[PDB]
Structure formats: structure tokens, C-alpha cells
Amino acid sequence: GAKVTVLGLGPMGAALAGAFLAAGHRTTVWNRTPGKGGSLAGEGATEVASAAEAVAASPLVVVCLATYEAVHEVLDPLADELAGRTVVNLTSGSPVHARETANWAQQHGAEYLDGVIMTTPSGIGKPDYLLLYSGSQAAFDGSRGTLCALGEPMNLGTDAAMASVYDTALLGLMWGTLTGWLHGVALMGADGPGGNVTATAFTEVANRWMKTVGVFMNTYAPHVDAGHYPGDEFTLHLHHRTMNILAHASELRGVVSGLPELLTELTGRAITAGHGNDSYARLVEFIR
């Protein structure tokens, strides 16, 4: 039942407004171009003609525009009106622009939370999908109950630029996974003994296996932070040997992704450096 304003009714901003309405919040919306708020008004939103009216309507102002340049074009004329309000900026952009906007919000007495949306418009308001936030802890703690309407909120910490970096790092993790998955699908689907398996059958097993892969990540993160990489029962020597088997199996079955060559070159450099007994986490030193 809290008052919340959304600035920006593009596909994503309209979805945020819709999710706020579905949670029962008193939702005021504004967009630069008229005529994009009729469906939302039918669901109980109040559309207003100016950003100044929209900002004045709610103590919590959620911004979702195309660029950070657009954020300041809209909000800098309203600097005096933002004192004491909370600004949650879900616009995507660079870490430096997040930091510059946080500094600007601080200068004007607005509590500033920068965020990133880890889904597409249709995922907003649904379970499991993440929104990541960084900046004012008071803003996060005071707004979390309302922000929950959009998806699962995570507070990354106090530095407003964190969300931008996390988004890029998490997409890289997603692409590494999805590419290893595509490689596996193509291996399973290929003609050959034990092949001609569908992607759906493979993925049913893969989804179980990903539980084990997640434990590996949880085991290896403290190795990176300690700078100590004990290899235990799965050393880089064994990674490299088995990667060579993957390379050979892939070549036989006609799967050409670049992944095996990337993996063997990287592990090979760490082994040449004498770290063959270490965990996969030692490889962070060979990409950084």
C-alpha cells in the first residue's frame, strides 16, 4: 500500500509499474512520450503529465530509462524536489555512471540505490528472478518490502557502482554455462555410440549435475580469497588430462565450439608454472 513512482514506461518500466500494482502499492507513473500508460491506468495506476508531479507523488521514485544521460535529463531539473526522497535507479549503464549519479544524488540529499534487473520484462513480478541493488543501505532497508514486488532483491553493498559490475560478471557466468551446455548438447546429439540423445534428455541430467557444479564454485571461492588453491582430489593435472579427452571426443563427433582449446591452453599455462596439484581456482591468476 506504499506510494511508489515509476519514471519510464518502456517495456521494462511498464513491467515494473505493473508489478508494483499487482502487489497493491499506490503507483504513480510518468513517461516522456504521452500515451503509454493506458493499460496501467486501467489496473489502478495514476498517470501524471510531468515528471515533477510524479516525483512529488511518492517518497520512493523508481527510474527505468534508456540511458543514464536520460536519467539526468529528467531528474536534474528536479534536484531541489528530490531532497529526502529515495531514488532507485534500475537503468542499465556503466559503473562510473552509477557512481556519478550516486554522487549527484548525495549532493542533493536524495537516498540513492542503483540497481540491475536480472531478467526481461516478462520475468518482473515472478519468483526466483533477481534484482540486484547497491548504494544506500537505509534506502534498501526502507524500501525492500516495496521492491519485493518486482522480484527477489539482493543488497550487494554500499558502493552504488557494484550492481553494474555484477550484471556484467553474472552474464559472463551465464554465457560460460550456456556455451558448455551447447557443447554438451551437440556431443550428446551427435551420431556415434551412446549418442543421438535429445537435448531435453541431456538437460534433465544436466540440471541435477549443476547442483554439484555449484558446490564446486562454493568450494573454490575461498581459495581465490585466500590465494591458496589446494587441489584435493581434482587437481589441475586431472582437469588438463580430462580436457584433452573432451577435445578428442569433440573432434571425433564433429563438435567445434572453441571451448576445449580455451580450456587446455589455460590449464596448460598453470601446469607449466608448476601448479598442477592445485584447484581450478588457481586459474584466476592466469586470466587476471
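Start at 1 and count along the sequence shown; that's the residue number.
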- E43 not built in a third or more of the other entries: yes
- Looking across the other entries that model both neighbours, is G258 missing in at least a third? no
- Per the PDB record, is the mean Cα temperature factor higher over 44-52 or over 231-239? 44-52
- Query: Between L252, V224, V62, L246, where does the Cα B-factor run highest in the record?
  - Reply: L252
- Which one of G192, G172, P153, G115 shows the biggest C-alpha B-factor in the PDB entry? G192
- Note on the structure: In terms of its chain's C-alpha B-factors, the third that includes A2 is the highest
- Message: Ranking the modelled residues of this chain by C-alpha B-factor as given in the entry, is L259 in the lowest, middle or highest third?
- Response: highest
- Query: Which third, lowest, middle or highest, does the CA B-factor of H72 fall in along this chain?
  - Reply: highest
- Task: Could you look up the Cα B-factor of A163 in the entry and say which third of the chain it sits in: lowest, middle or highest?
- Result: lowest
- Name the third of the chain's ranked CA B-factors that contains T91, choosing lowest, middle or highest. lowest
